[PDB]
Each structure stands twice: as structure tokens, then as C-alpha cells.
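One-letter residues, chain by chain:
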Amino acid sequence: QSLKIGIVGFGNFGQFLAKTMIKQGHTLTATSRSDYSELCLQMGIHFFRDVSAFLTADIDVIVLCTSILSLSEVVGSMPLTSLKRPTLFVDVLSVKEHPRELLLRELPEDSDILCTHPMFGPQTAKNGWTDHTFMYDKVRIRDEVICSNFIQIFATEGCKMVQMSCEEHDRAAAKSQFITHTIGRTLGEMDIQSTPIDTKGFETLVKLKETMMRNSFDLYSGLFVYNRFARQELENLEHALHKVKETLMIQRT
Amino acid sequence: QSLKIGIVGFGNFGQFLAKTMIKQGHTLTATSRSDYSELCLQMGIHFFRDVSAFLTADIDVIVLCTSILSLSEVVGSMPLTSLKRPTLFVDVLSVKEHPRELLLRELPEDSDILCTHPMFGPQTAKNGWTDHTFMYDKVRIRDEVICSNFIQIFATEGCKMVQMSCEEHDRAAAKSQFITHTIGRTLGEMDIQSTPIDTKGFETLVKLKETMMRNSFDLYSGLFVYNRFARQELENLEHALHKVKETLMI
Ligand SMILES: NC(=O)c1ccc[n+]([C@@H]2O[C@H](COP(=O)([O-])OP(=O)(O)OC[C@H]3O[C@@H](n4cnc5c(N)ncnc54)[C@H](OP(=O)(O)O)[C@@H]3O)[C@@H](O)[C@H]2O)c1
Ligand SMILES: NC(=O)c1ccc[n+]([C@@H]2O[C@H](COP(=O)([O-])OP(=O)(O)OC[C@H]3O[C@@H](n4cnc5c(N)ncnc54)[C@H](OP(=O)(O)O)[C@@H]3O)[C@@H](O)[C@H]2O)c1
């Protein structure tokens, strides 16, 4: 079950995955917009600056770890016919309908597709992946063996494994993750500060601002722009706040 | 060190305080708008249906545990001039400038005033008060011994003891507790539910919503109406959310 895994987008998340993958014994290759050559040398990863070169490497699985906003450009510019053989493409974007559509549209037909969302990251899984949730949709899988072996990377780490459609994920995520990021950004904008009399609830909010804020704005933009279900949730949040606020006014009166 | 403590407003919080007070060996009695005779029986303490009888008892400390909204009605209705002796009044309202101003205005001059806010409750302190915060302001203390003994109730339970002015409390509380409740209430209106793919952060929010919603609307109302700093904080929240929305809409 040891795999040759190639990572596209060697940013914070890609790096986070790579650490565990290396620990498990997989052999890694990576490519990215920015230069990660030294970090890759440290880690034992074979880095290719140029995507064309990356695509000719001996890879079982290609994992797309770029930002949600950039996936279209990135995929669009890969010379996919450079692929030596049919390969599983995995995405890990925080939204799911979009990578699914793009990959189905853009990839060679004979390449498999696994759309995933590990519902955790460096800020929330500092000490291991156990009991963190890994969502996946087997969008186009023919080589079950390779697909299983990849999914096992998460399973062996103790993740709660959830198989779900990309649509179902976006629906759920809009109601849950998107809202949470939104509150977290709002708290960030407020620059909330600990006080000498924090409630436990306030404490958790301060922690939330901290974790939510350590994500890129591109990431949080992606959650909204590319989830068709997000806009309604944002309205629901506003509507709810206003409902509460008016009830207060009625009480003032 | 043992005190005769009388609770006014035997609701959720007053019951909560009483449990611990009883455990410590104080002698507790209660009075309230509603009839808590049975619950008091179960708990082992004497309930006074009428406030006059409560007031004429042998009592060392009266703890005001009514809602913030109701404190003025309650106090204004108590026949205060029936007290046998000078007595320490403690409030535990979630806002502090109002009870301070009210008590100073309305109480007999010889009665002491300790204004407090335990920053915890039955939903956050199920397993003990240890390391939860207790805020207090010694507004009008002449009998330091009784006042110290009362304070010790919190200290001996391991509370983080914080002495502060009522104004500072209300300023801080507006930025923290009130915001938290408002966010919790908003989430309640949305009726947020757990999903199969909850993030850790979302899980914290579902919990917060569940905890915040267990308070009375009266309590939440109270945080807003009687904290002069609250309204600006609501504005800050509302404005921030708007700002965030603008970055997205672009
Ligand atoms: N906890 C997490 O962070 C987490 C958890 C689950 C899923 N995800 C998902 O994992 C992906 C990566 O997340 P992230 O946290 O590392 O941060 P991110 O800001 O969403 O994405 C960063 C990566 O995107 C690349 N990138 C951005 N714009 C690009 C462009 N125009 N062209 C080419 N590459 C571009 C960056 O490349 P360079 O570094 O080379 O410049 C970097 O590798 C995202 O899709 C995110 O939704 C993240
Ligand atoms: N975790 C907490 O709940 C917590 C923590 C810290 C401080 N506090 C404070 O403790 C006080 C009590 O809180 P709570 O949680 O028990 O709930 P609450 O809804 O704020 O207040 C309930 C109490 O108020 C009494 N009351 C309400 N309206 C009244 C009226 N018009 N006339 C006479 N009595 C009236 C009720 O009397 P009856 O039950 O007899 O009807 C009950 O004893 C509040 O000031 C609150 O801010 C609460």
C-alpha cells in the first residue's frame, strides 16, 4: 500500500498532508507556483518547478492542493496529455461541486477522480488526525485498489470516514463550515480581545477568531464564491441577527 | 464562618448558588415571586412565600438573584424597613452598574452592598466552580468580616477572584459576554444542526448555541437593556459582519 504521491500546490495544506504521508512511508513528489526546493530537499520530496516535468514523473496519485480560487487556472494550464499513464487525481479543496465539475470536464477520460475534503488542518489537528473527519466522493473510480490505498492513508490515521456526494457536502458545509468561518472573520474584524472576566463561551469565541483567522482570505473567499449554497446561509445569518436585534428593541420599548 | 444566607429569586441561578452554599454549611432560606415550597422541601431549606417574613428572619446576607429586568420592581416592593438589623445585600446580576446605582439609591443606608457577577452558571460549571471567574465590587462595606466570609464562598471553591468596578465590568462584559450571547442567540434562530462533516470549530458553535439558548430571553434582554456599553458592541458586531460581507460581494 505504499504509494507514489505527487502534490500540486505545496502550500500550508499540501505540506500538512505531506508530513503524514512521509511518516507512513509513501514516496512524494511535488510541484507548485512558488519555489519549495529547499523545503522539499529537507523532507526528501522530489520537487519540480515546472508542472510539465512533474507530469512526467513516476506517480500513482496526483493530489490537488491549490487554493479553491486557483484550481481552474492551475488545471487549465497543465499539459495533461503529458501524462505517462492513467492516473488518479484527488482534490482536497474545501468546496466540492466545483472541483468535481472542473475535473470531469478537463481531465482525460481515463483518469480516475476522487473528490475529497479533509475537515481538518494544521490549526485543528496539531496532534494527529485521529477523530477528525475525512469526506470523500468516489466521483470516477475504476482502479479500486489505488483508490482504496489512498483512502487508507486517512483511515489508518483514525479519521472518521464519510462518503458523501459533492453536492451534499457543499450543502452541509454552507450551513456549517461557511458559517463558522464567517463568524470567525467577523470576530477578527472586531479584533476581539480577552478580558479579565471572560466567560467560557467567550473564550471559545476568541479561540475561534484565532483559528479562523490563520486561514488565507483566498480560502474564505473560495468558500463563498464556489459554494452555490453559501449565499443563502449568509442571508440566514443576517436575517437571524436582525430578528434577535429587533426583539431587543421591542424590549427596550 | 457559617452564614445565614437568604436568596431572593429562587430561579435557575439562585438554586444553583444555593446548592453550593448549602454544601459549605451555610444556613439557606429563600423567597421568590413563584412558589418554590416543594423544591425547597426537597432541597432541605425554608421557603418564605411572603417577603415580609423573609425580611424579618435572622439573616446575615441577602442575595439578590432575580432577573436584571425585574430588580427595580423587586427591590421597590420589599418592605426594607422591616429588617431587624443591618444586613449585607449581594447582587449577582449579569450587569453591574444598574444594581449598584439602584441599591445605593433604594436600600437603607446602614445595609451593606456587595455587587457581584459570577461568570459561570449551571450550564458551564456543572462539575464545580474551580477556575471559573467571580467578579466583585465592594460598593458599600462596613462589616468587613461578613463581607469576607461571603466572598470566601467563591474563593474556597477555587474561583478566579477578580475585583473590579461596576463600570469596568459592564465595559468588558459588553465586549465579551454580550457578544457571545448575541452570537449564540443568532445561531439559535438559525437553528444550526450538527452534520456528518462538522469542523471542530462548527462543533464549538453548536455547543455555544446550545448553552446560550438555555438562558431566559429576559436574561439576554437584560444584558442589552441595562448595560450602557452594549449597544455599541452590537453595532461593532453588526458592522463587522457587514464589512465581511462586503469583502465577499466584491
Ligand atoms: N486547514 C486547511 O488549510 C485546509 C483543510 C482542508 C482543505 N484545504 C484546502 O486545501 C487547499 C490548500 O489550502 P491552503 O491552506 O494551503 O491555502 P490556500 O490559500 O487555499 O491555497 C494555497 C495554495 O494555493 C496555491 N495557489 C494559490 N493561488 C495560485 C495560483 N494563482 N496559481 C497557482 N497556485 C496557486 C499556492 O501556491 P504556492 O504556495 O506555490 O504559491 C498554495 O500552494 C485549498 O483548496 C483548501 O481549500 C485546506
Ligand atoms: N448561569 C446563570 O443563569 C447566571 C449566571 C450569573 C448570573 N446570573 C444572574 O442571576 C439572576 C438569575 O438568573 P436566572 O438564570 O435564574 O434566570 P433569570 O430569568 O434572569 O431570573 C429568574 C428569576 O427572576 C425571578 N423573576 C423574574 N421576573 C420577576 C418578577 N417580575 N418579579 C419577581 N421575580 C421575578 C424569577 O422568580 P420566580 O422563579 O419565583 O418566578 C426567578 O427567580 C439574573 O440576574 C442573572 O442575570 C445568572
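Residues numbered from 1 in each chain as written, not as in the entry; some residues may be left out. Chains lettered and ligands numbered in written order. Heavy atoms only, no water.

The record lists X-ray crystallography as the method behind this PDB entry and 1.69 Å as its resolution.

Some words on the site of ligand 2
Residue and element names in this part refer to chain B. Around ligand 2 there are 26 residues in total, and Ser32, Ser34, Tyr36, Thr66 and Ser94 lie nearest to it. Here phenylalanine 10 contributes a backbone N or O atom positioned 3.4 Å from an oxygen atom of ligand 2. Here ligand 2 has 870 Å² of accessible area as a free molecule, and 87% of this is covered by the chains. Ranked by the residues each element gives to the shell around ligand 2, the list is headed by helix α4 (residues 68-77), at four residues. Considered class by class, the residues forming the shell around ligand 2 number twelve nonpolar, twelve polar and two charged. (Near = heavy atom within 4 Å. Polar contact = N/O pair within 3.5 Å; in protein donor to acceptor, adjacent residues only side chain to side chain. Areas by Shrake-Rupley, 256 points an atom, 1.4 Å probe, with all protein chains shown as cover. Helix = DSSP H or I, 4+ residues; strand = E, 2+ residues; numbered from the N terminus. Nonpolar A, V, L, I, M, F, W, Y, C, P; charged D, E, K, R; others polar.)

So, the packing of aromatic side chains
All chains considered together, the criterion is met by 26 aromatic pairs over all chains. When the ring of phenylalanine 13 of chain B is compared with that of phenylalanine 16 of chain B, the centres are 5.6 Å apart and the planes differ by 20°; the resulting orientation is stacked. With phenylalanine 13 of chain B and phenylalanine 16 of chain B both in helix α1 (residues 12-23) and three residues apart, the pair spans about one turn of that helix. On the basis of relative accessible area, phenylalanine 16 of chain B is assigned to the buried category, the value being 10%. Aromatic pair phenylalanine 134 of chain B and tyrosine 136 of chain B: ring centres 5.8 Å apart, planes at 25°, arrangement stacked. The class of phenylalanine 134 of chain B is buried, set by a relative accessible area of 0%. Of the aromatic side chains, those joined through ring pairs into one cluster are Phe13, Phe16, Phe120, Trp129, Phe134, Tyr136, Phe150 and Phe154 of chain A. (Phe/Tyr/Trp six-rings, centres within 6.5 Å; stacked < 30°, edge-to-face > 60°. Buried < 20%, exposed > 50% of the residue type's maximum accessible area, 1.4 Å probe, protein only.)

Quick look at the interface of chain A and chain B
Contacts between the two partners involve 55 residues from chain A, matched on the other side by 52 residues from chain B. The junction of chain A with chain B conceals about 4,800 Å² of combined surface from both sides, 77% of it contributed by carbon and sulfur atoms. Contact with chain B buries area across many residues of chain A, yet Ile197, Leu241 and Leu248 of chain A alone supply 15% of it, more than any other trio. Linking chain A with chain B are four salt bridges, by the criterion used here. Across the pair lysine 243 of chain A and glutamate 189 of chain B runs a salt bridge whose closest N-O atoms are separated by 2.7 Å. The interface formed by chain A and chain B includes eight residue pairs in polar contact. (Contact = heavy atoms within 4.5 Å. Buried area = accessible area lost by both parts, 1.4 Å probe. Salt bridge = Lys/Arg side-chain N within 4 Å of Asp/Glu carboxyl O.)

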